[PDB]
2 protein chains.
Amino acid sequence: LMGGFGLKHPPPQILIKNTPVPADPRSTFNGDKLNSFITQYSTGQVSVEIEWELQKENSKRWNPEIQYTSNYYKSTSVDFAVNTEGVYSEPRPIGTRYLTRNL
Amino acid sequence: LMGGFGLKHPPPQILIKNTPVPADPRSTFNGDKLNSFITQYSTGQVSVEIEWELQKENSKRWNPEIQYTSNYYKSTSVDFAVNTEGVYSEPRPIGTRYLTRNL
C-alpha cells in the first residue's frame with residue numbers, strides 16, 4: 001500500500017557485525033562472561049546491481065504527450081545538484097506516470 | 001541557410017500531367033494546331049516512405065534534461081488536433097534542440 005512490488009520471497013536481508021575483541025583479562029580464572037572489550041569500527045565499499053525489464057510504449061496518439069522536464073528559467077542553483085556548501089538536495093518528488101493509454 | 005541537408009543529388013523532382021484529349025475536329029483538313037479540347041482533371045493516391053538513421057544520446061549528466069512537452073492545464077481545444085469546424089492547426093513551431101552536450 002506504500003506502492004511497489006509485492007514479493008513472497010523478497011531480496012534477502014543482509015546482516016553485518018564487528019567481531020568482539022576482548023581486552024586483556026585477569027591472570028586468575030573467573031567464570032563470569034567477559035564484559036571488557038576494545039573499541040572498534042569498520043568501513044568499506046558496497047556495490048549493488050539490478051537488472052530491470054522494460055515494457056515499451058506502442059501508441060497511435062496523434063498529439064504530443066506530457067513529459068517530465070526541468071524548468072527553463074534562470075535560477076540560483078541547479079535542481080538535483082549540490083549547493084555552495086556541498087549539500088545534495090532533491091527539490092520535488094517525481095512520479096512515474098506521464099505517457100497515456102486507452103482505458 | 002533555411003536549414004536542412006544540402007545534397008549534390010537531391011531526391012529527383014516528379015512531374016505529372018493530364019494527357020490532352022481533343023474535341024471533335026472539322027471534317028475538312030486544316031493544318032493549324034488543334035486548340036479545342038475536352039475539359040478533364042484527375043485524382044488518385046500517393047505514398048512516400050523515408051528511412052531515417054538515428055544517433056543515440058550517450059550522456060553522464062546527473063540532473064534532468066529539458067524536454068518538449070504539452071501543456072497540462074485545461075483548454076478549449078487540444079493542440080495539434082481539429083477544431084469544431086474540422087480544421088487542423090499547428091499551435092507553435094517545434095524545434096529539434098532539447099538534449100544537451102558538452103562543448
Side-chain angles (χ1 to χ4, degrees), chain A residues 1-19 39-103, chain B residues 1-6 50-83 88-103:
Chain A
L1 291 179
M2 298 175 192
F5 303 94
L7 301 175
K8 298 299 286 185
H9 305 294
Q13 53 189 15
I14 303 164
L15 285 311
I16 186 170
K17 186 178 69 68
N18 292 134
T19 303
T39 303
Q40 292 182 335
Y41 72 95
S42 61
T43 56
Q45 311 302 321
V46 60
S47 289
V48 60
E49 181 179 0
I50 297 173
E51 180 177 359
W52 301 90
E53 187 181 5
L54 298 177
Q55 189 175 0
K56 302 307 288 184
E57 169 269 341
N58 192 33
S59 178
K60 299 297 285 188
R61 167 168 172 157
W62 181 260
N63 53 333
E65 287 292 331
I66 292 171
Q67 300 285 306
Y68 175 79
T69 187
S70 66
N71 291 333
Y72 175 82
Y73 179 73
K74 68 177 71 177
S75 177
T76 297
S77 65
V78 173
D79 287 344
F80 295 97
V82 296
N83 64 348
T84 297
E85 297 303 321
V87 175
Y88 177 79
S89 67
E90 290 169 342
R92 61 186 60 79
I94 301 171
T96 319
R97 289 171 176 166
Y98 289 91
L99 299 174
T100 55
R101 186 200 287 268
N102 288 131
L103 188 147
Chain B
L1 291 179
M2 298 175 192
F5 303 94
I50 297 173
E51 180 177 359
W52 301 90
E53 187 181 5
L54 298 177
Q55 189 175 0
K56 302 307 288 184
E57 169 269 341
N58 192 33
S59 178
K60 299 297 285 188
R61 167 168 173 157
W62 181 260
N63 53 333
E65 287 292 331
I66 292 171
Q67 300 285 306
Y68 175 79
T69 187
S70 66
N71 291 333
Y72 174 82
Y73 179 73
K74 68 177 71 177
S75 177
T76 297
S77 65
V78 173
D79 287 344
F80 296 97
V82 296
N83 64 348
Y88 177 79
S89 67
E90 290 169 342
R92 61 186 60 79
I94 301 171
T96 319
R97 289 171 176 166
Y98 289 91
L99 299 174
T100 55
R101 186 200 287 268
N102 288 131
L103 188 147

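Note: hydrogens, waters and symmetry copies are ignored here, and every other heavy atom, side chains too, is used. Below, chain A is the first sequence line, B the second, and so on; all start at residue 1.
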Exercise for the section: Could you please spell out the steps behind the side-chain hydrogen bond (donor to acceptor under 3.5 Å, both in side chains) verdict for B:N83 and B:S77? Expected result: CA-CA 7 Å; B:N83 64 348; B:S77 65; over 6 Å; no

Any chance you could measure [X], atom [atom1], to [Y], atom [atom2], to the nearest 0.5 Å?
X      : Y     : atom1 : atom2 : value
A:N102 : A:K60 : CG    : NZ    : 12.5 Å
B:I66  : A:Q67 : CD1   : CD    : 13.5 Å
A:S70  : B:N63 : OG    : CG    : 7.0 Å

Problem - Over 12 foreign heavy atoms within 6.0 Å of OH, B:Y88 - result: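 More than 12 heavy atoms, drawn from other residues, nucleotides or ligands, come within 6.0 Å of this atom.
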
Exercise for the section: Give a yes or no on whether A:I94 atom CD1 has more than 12 heavy-atom contacts from other residues, nucleotides or ligands under 6.0 Å away. Expected result: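 Atom CD1 in A:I94 is packed in, count exceeds 12.
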
Exercise for the section: Compare every heavy atom of A:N18 with every heavy atom of A:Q40, then report the nearest pair and how far apart it is. Expected result: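 Taking A:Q40 first and A:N18 second, the nearest heavy atoms are O-OD1, 4.2 Å.
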
Problem - B:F5 and B:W52 aromatic ring geometry - parallel, tilted or perpendicular at 30°/60° bounds - result: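 Ring orientation of B:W52 relative to B:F5: tilted.
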
Practice task
Would you mind listing every salt bridge (charged side-chain N to carboxylate O under 4.0 Å, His left out) that reaches into residues 87-97 of chain A, with sequence neighbours excluded?
Solution key: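 As it turns out, the salt bridge (charged side-chain N to carboxylate O under 4.0 Å, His left out) pairs with a partner in residues 87-97 of chain A, which skip direct neighbours, are A:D79-A:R92.
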
Problem - Full working for side chain to side chain contact (heavy atoms under 4.5 Å, CB included) between B:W62 and A:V78 - result: CA-CA 11 Å; B:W62 181 260; A:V78 173; over 6 Å; no

